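Pasting input_24.cif here (mmCIF, C-alpha atoms; chains and numbers go by the auth columns):
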```
data_final
#
loop_
_atom_site.group_PDB
_atom_site.id
_atom_site.type_symbol
_atom_site.label_atom_id
_atom_site.label_comp_id
_atom_site.label_asym_id
_atom_site.label_seq_id
_atom_site.Cartn_x
_atom_site.Cartn_y
_atom_site.Cartn_z
_atom_site.B_iso_or_equiv
_atom_site.auth_seq_id
_atom_site.auth_asym_id
ATOM 1 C CA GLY A 1 243.181 24.749 225.887 0.00 571 A
ATOM 2 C CA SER A 2 246.107 26.277 227.715 0.00 572 A
ATOM 3 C CA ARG A 3 249.690 26.558 226.553 0.00 573 A
ATOM 4 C CA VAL A 4 251.215 24.751 229.534 0.00 574 A
ATOM 5 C CA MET A 5 248.653 21.965 229.229 0.00 575 A
ATOM 6 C CA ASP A 6 248.906 20.939 225.572 0.00 576 A
ATOM 7 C CA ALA A 7 252.687 21.429 225.344 0.00 577 A
ATOM 8 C CA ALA A 8 253.406 18.845 228.040 0.00 578 A
ATOM 9 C CA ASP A 9 255.113 16.626 225.460 0.00 579 A
ATOM 10 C CA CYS A 10 257.769 19.330 225.127 0.00 580 A
ATOM 11 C CA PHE A 11 258.404 19.376 228.882 0.00 581 A
ATOM 12 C CA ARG A 12 259.016 15.679 229.530 0.00 582 A
ATOM 13 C CA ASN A 13 261.638 15.301 226.791 0.00 583 A
ATOM 14 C CA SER A 14 263.909 17.962 228.242 0.00 584 A
ATOM 15 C CA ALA A 15 263.758 16.058 231.547 0.00 585 A
ATOM 16 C CA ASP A 16 264.950 12.780 230.006 0.00 586 A
ATOM 17 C CA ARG A 17 268.585 11.701 230.054 0.00 587 A
ATOM 18 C CA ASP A 18 268.412 9.833 226.726 0.00 588 A
ATOM 19 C CA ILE A 19 266.639 12.096 224.242 0.00 589 A
ATOM 20 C CA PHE A 20 268.695 14.189 221.819 0.00 590 A
ATOM 21 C CA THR A 21 266.373 16.511 219.907 0.00 591 A
ATOM 22 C CA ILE A 22 267.072 18.045 216.493 0.00 592 A
ATOM 23 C CA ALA A 23 265.047 21.022 215.232 0.00 593 A
ATOM 24 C CA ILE A 24 266.255 22.650 212.016 0.00 594 A
ATOM 25 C CA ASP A 25 264.984 25.965 210.677 0.00 595 A
ATOM 26 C CA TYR A 26 264.413 27.121 207.102 0.00 596 A
ATOM 27 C CA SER A 27 265.453 30.729 206.502 0.00 597 A
ATOM 28 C CA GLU A 28 263.348 32.258 203.682 0.00 598 A
ATOM 29 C CA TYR A 29 261.396 29.057 203.131 0.00 599 A
ATOM 30 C CA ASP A 30 259.356 30.369 200.194 0.00 600 A
ATOM 31 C CA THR A 31 262.449 31.337 198.170 0.00 601 A
ATOM 32 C CA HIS A 32 263.424 27.662 198.142 0.00 602 A
ATOM 33 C CA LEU A 33 259.813 26.520 197.949 0.00 603 A
ATOM 34 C CA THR A 34 259.786 28.625 194.739 0.00 604 A
ATOM 35 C CA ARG A 35 261.389 25.680 192.887 0.00 605 A
ATOM 36 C CA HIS A 36 259.249 23.603 190.536 0.00 606 A
ATOM 37 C CA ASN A 37 260.167 20.261 192.151 0.00 607 A
ATOM 38 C CA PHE A 38 257.396 20.568 194.722 0.00 608 A
ATOM 39 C CA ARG A 39 255.074 22.081 192.115 0.00 609 A
ATOM 40 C CA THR A 40 255.184 19.186 189.639 0.00 610 A
ATOM 41 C CA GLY A 41 255.451 16.419 192.244 0.00 611 A
ATOM 42 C CA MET A 42 252.360 17.676 194.047 0.00 612 A
ATOM 43 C CA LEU A 43 250.357 17.873 190.819 0.00 613 A
ATOM 44 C CA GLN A 44 251.596 14.426 189.786 0.00 614 A
ATOM 45 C CA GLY A 45 250.058 12.976 192.941 0.00 615 A
ATOM 46 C CA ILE A 46 246.832 14.910 192.545 0.00 616 A
ATOM 47 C CA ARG A 47 246.145 13.496 189.071 0.00 617 A
ATOM 48 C CA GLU A 48 247.019 9.872 189.837 0.00 618 A
ATOM 49 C CA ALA A 49 244.859 9.838 192.973 0.00 619 A
ATOM 50 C CA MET A 50 241.806 11.179 191.126 0.00 620 A
ATOM 51 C CA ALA A 51 241.846 8.016 188.998 0.00 621 A
ATOM 52 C CA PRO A 52 239.062 6.301 191.056 0.00 622 A
ATOM 53 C CA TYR A 53 236.974 9.440 190.325 0.00 623 A
ATOM 54 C CA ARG A 54 237.526 9.465 186.563 0.00 624 A
ATOM 55 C CA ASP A 55 233.977 8.718 185.372 0.00 625 A
ATOM 56 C CA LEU A 56 231.900 11.508 186.939 0.00 626 A
ATOM 57 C CA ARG A 57 231.913 14.936 185.286 0.00 627 A
ATOM 58 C CA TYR A 58 231.915 18.285 187.096 0.00 628 A
ATOM 59 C CA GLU A 59 229.300 20.363 185.210 0.00 629 A
ATOM 60 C CA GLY A 60 230.017 18.766 181.828 0.00 630 A
ATOM 61 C CA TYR A 61 233.767 18.141 182.047 0.00 631 A
ATOM 62 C CA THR A 62 235.965 15.772 184.006 0.00 632 A
ATOM 63 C CA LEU A 63 237.767 16.156 187.324 0.00 633 A
ATOM 64 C CA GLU A 64 241.207 15.914 185.689 0.00 634 A
ATOM 65 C CA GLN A 65 240.371 19.042 183.672 0.00 635 A
ATOM 66 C CA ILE A 66 239.315 21.106 186.697 0.00 636 A
ATOM 67 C CA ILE A 67 242.398 20.422 188.842 0.00 637 A
ATOM 68 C CA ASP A 68 244.413 22.444 186.320 0.00 638 A
ATOM 69 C CA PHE A 69 241.811 25.178 186.657 0.00 639 A
ATOM 70 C CA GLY A 70 242.882 25.720 190.264 0.00 640 A
ATOM 71 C CA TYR A 71 246.526 24.859 189.558 0.00 641 A
ATOM 72 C CA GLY A 72 246.806 25.927 185.928 0.00 642 A
ATOM 73 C CA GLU A 73 249.244 28.141 184.075 0.00 643 A
ATOM 74 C CA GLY A 74 247.439 31.443 184.591 0.00 644 A
ATOM 75 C CA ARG A 75 246.429 30.471 188.122 0.00 645 A
ATOM 76 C CA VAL A 76 249.605 29.798 190.126 0.00 646 A
ATOM 77 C CA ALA A 77 252.388 29.145 187.588 0.00 647 A
ATOM 78 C CA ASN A 78 252.825 32.632 186.092 0.00 648 A
ATOM 79 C CA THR A 79 250.533 35.363 187.426 0.00 649 A
ATOM 80 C CA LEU A 80 250.996 39.123 187.539 0.00 650 A
ATOM 81 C CA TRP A 81 250.888 40.623 191.028 0.00 651 A
ATOM 82 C CA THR B 1 210.366 15.366 193.256 0.00 52 B
ATOM 83 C CA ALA B 2 211.518 16.122 189.685 0.00 53 B
ATOM 84 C CA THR B 3 215.236 16.201 190.482 0.00 54 B
ATOM 85 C CA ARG B 4 218.307 13.995 189.925 0.00 55 B
ATOM 86 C CA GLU B 5 217.523 12.111 186.712 0.00 56 B
ATOM 87 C CA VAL B 6 221.126 12.151 185.428 0.00 57 B
ATOM 88 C CA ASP B 7 222.269 9.400 187.785 0.00 58 B
ATOM 89 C CA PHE B 8 223.778 6.695 185.528 0.00 59 B
ATOM 90 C CA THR B 9 224.819 8.034 182.129 0.00 60 B
ATOM 91 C CA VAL B 10 228.371 6.711 181.884 0.00 61 B
ATOM 92 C CA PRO B 11 230.082 8.299 178.849 0.00 62 B
ATOM 93 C CA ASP B 12 232.090 5.173 178.021 0.00 63 B
ATOM 94 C CA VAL B 13 228.845 3.316 177.293 0.00 64 B
ATOM 95 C CA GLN B 14 226.533 6.171 176.268 0.00 65 B
ATOM 96 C CA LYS B 15 228.887 7.100 173.427 0.00 66 B
ATOM 97 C CA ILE B 16 228.807 3.552 172.041 0.00 67 B
ATOM 98 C CA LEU B 17 225.032 3.452 172.491 0.00 68 B
ATOM 99 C CA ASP B 18 224.270 6.603 170.512 0.00 69 B
ATOM 100 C CA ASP B 19 226.365 5.215 167.646 0.00 70 B
ATOM 101 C CA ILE B 20 224.371 1.997 167.376 0.00 71 B
ATOM 102 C CA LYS B 21 221.326 4.225 166.846 0.00 72 B
ATOM 103 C CA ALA B 22 223.131 6.155 164.116 0.00 73 B
ATOM 104 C CA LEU B 23 224.100 2.881 162.452 0.00 74 B
ATOM 105 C CA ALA B 24 220.417 1.979 162.082 0.00 75 B
ATOM 106 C CA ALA B 25 219.812 4.962 159.789 0.00 76 B
ATOM 107 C CA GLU B 26 222.509 3.743 157.381 0.00 77 B
ATOM 108 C CA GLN B 27 220.622 3.206 154.137 0.00 78 B
ATOM 109 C CA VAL B 28 222.417 0.576 152.074 0.00 79 B
ATOM 110 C CA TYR B 29 220.461 0.506 148.803 0.00 80 B
ATOM 111 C CA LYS B 30 219.264 3.296 146.497 0.00 81 B
ATOM 112 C CA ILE B 31 216.137 3.822 144.398 0.00 82 B
ATOM 113 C CA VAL B 32 216.762 4.673 140.746 0.00 83 B
ATOM 114 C CA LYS B 33 214.651 4.967 137.613 0.00 84 B
ATOM 115 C CA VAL B 34 217.133 3.452 135.139 0.00 85 B
ATOM 116 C CA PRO B 35 219.967 0.986 135.824 0.00 86 B
ATOM 117 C CA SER B 36 223.575 1.830 135.101 0.00 87 B
ATOM 118 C CA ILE B 37 225.085 1.338 131.655 0.00 88 B
ATOM 119 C CA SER B 38 226.440 -2.201 131.377 0.00 89 B
ATOM 120 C CA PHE B 39 227.744 -2.168 127.786 0.00 90 B
ATOM 121 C CA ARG B 40 229.456 0.441 125.621 0.00 91 B
ATOM 122 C CA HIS B 41 230.706 0.376 122.039 0.00 92 B
ATOM 123 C CA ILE B 42 233.452 1.969 119.944 0.00 93 B
ATOM 124 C CA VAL B 43 233.101 2.662 116.217 0.00 94 B
ATOM 125 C CA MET B 44 236.075 1.921 113.946 0.00 95 B
ATOM 126 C CA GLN B 45 235.522 3.593 110.523 0.00 96 B
ATOM 127 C CA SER B 46 232.930 0.918 109.674 0.00 97 B
ATOM 128 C CA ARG B 47 229.183 0.501 109.301 0.00 98 B
ATOM 129 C CA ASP B 48 228.911 -3.260 109.879 0.00 99 B
ATOM 130 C CA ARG B 49 231.085 -4.236 112.864 0.00 100 B
ATOM 131 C CA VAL B 50 231.728 -2.494 116.171 0.00 101 B
#
```
Once you've parsed the file, please lay out its structure as structure tokens.
Amino acid sequence: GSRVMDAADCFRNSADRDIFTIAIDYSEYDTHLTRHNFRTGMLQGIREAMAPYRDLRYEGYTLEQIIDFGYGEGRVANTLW
Amino acid sequence: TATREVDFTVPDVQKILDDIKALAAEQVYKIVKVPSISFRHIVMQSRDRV
């Protein structure tokens, strides 16, 4: 689409007498995304939501074994770049 | 036509089903020529009583 057309929700809220908007900004977002708290808590929710898919095996082995093949130790935790 | 034959092999039940088969090969008895020794004796310096 356009830019004026699909950003019309931004226009009408600066024309309203009773809307106070808050928009914060993260400076160097990855340096504080670097922390493990979003690393473990994401992988905790991946494993517990694959529990209805716990019977079927991906090419011999389970689905809970292959999620730590795309999020393992030598995959995203500690890799040389 | 000759595809997708691996549809329902659940490992929770297939593992307990391949062990019932291995329990059927459990031979209980044994076939021998002589029975085991059921009596033994000790000599005590004597030629009449043991």
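Here is the contact set of chain B against chain A, at 9 Å and counting only C-alpha atoms: residues 61, 62 and 63 of chain B.
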Deliver the residues from the most recent selection as a file, using C-alpha atoms, as a compact mmCIF listing (two decimals), in the frame of the given file.
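As written to disk, out_3.txt reads:
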```txt
# COMPACT_ATOMS: atom_id res chain seq x y z
CA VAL B 61 228.37 6.71 181.88
CA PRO B 62 230.08 8.30 178.85
CA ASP B 63 232.09 5.17 178.02
```
All residues 9 Å or closer to range 641-648 of chain A, all atoms listed in the file, same chain fewer than 4 positions away omitted, as a ChimeraX atom specification | /A:609,613,636-637
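Straight-line separation from CA of residue 622 in chain A to CA of residue 639 in chain A: 19.6 Å.
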Surrounding residues of residue 60 in chain B excluding itself and chain neighbours under 3 positions, 12 Å, only C-alpha atoms, as a PyMOL selection string | (chain A and resi 625-627+630) or (chain B and resi 55-57+63-69)
Residue selection dump (C-alpha atoms) as a PDB file, keeping the file's coordinate frame:
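Final file, again-v4.pdb:
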```pdb
ATOM      1  CA  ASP A 625     233.977   8.718 185.372  1.00  0.00           C
ATOM      2  CA  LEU A 626     231.900  11.508 186.939  1.00  0.00           C
ATOM      3  CA  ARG A 627     231.913  14.936 185.286  1.00  0.00           C
ATOM      4  CA  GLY A 630     230.017  18.766 181.828  1.00  0.00           C
TER       5      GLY A 630
ATOM      6  CA  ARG B  55     218.307  13.995 189.925  1.00  0.00           C
ATOM      7  CA  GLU B  56     217.523  12.111 186.712  1.00  0.00           C
ATOM      8  CA  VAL B  57     221.126  12.151 185.428  1.00  0.00           C
ATOM      9  CA  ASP B  63     232.090   5.173 178.021  1.00  0.00           C
ATOM     10  CA  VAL B  64     228.845   3.316 177.293  1.00  0.00           C
ATOM     11  CA  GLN B  65     226.533   6.171 176.268  1.00  0.00           C
ATOM     12  CA  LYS B  66     228.887   7.100 173.427  1.00  0.00           C
ATOM     13  CA  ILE B  67     228.807   3.552 172.041  1.00  0.00           C
ATOM     14  CA  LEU B  68     225.032   3.452 172.491  1.00  0.00           C
ATOM     15  CA  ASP B  69     224.270   6.603 170.512  1.00  0.00           C
TER      16      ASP B  69
END
```
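Here CA of residue 632 in chain A and CA of residue 620 in chain A stand 10.3 Å from one another.
With CA of residue 591 in chain A on one side and CA of residue 578 in chain A on the other, the separation reads 15.5 Å.
Shortest atom-to-atom contact with residue 634 in chain A among A:582, A:587, A:606, A:617: A:617, counting all atoms listed in the file.
The neighbours of residue 101 in chain B here are the residues that come within 12 Å of it, using all atoms listed in the file and leaving out any residue fewer than 5 positions away in the same chain; they are residues 91, 92, 93, 94, 95 and 96 of chain B.
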Go ahead and fit an axis-aligned box to every listed atom of range 600-618 of chain A plus 8 Å each side, and pass me the centre and edge lengths in Å, one decimal, as AutoDock Vina command-line options.
```
--center_x 254.8 --center_y 20.6 --center_z 194.6 --size_x 33.3 --size_y 37.5 --size_z 27.1
```
Quick one: everything within 12 Å of residue 592 in chain A, counting only C-alpha atoms, minus sequence neighbours fewer than 3 positions away in the same chain. Send it as number ranges by chain.
-> A: 583, 589, 595
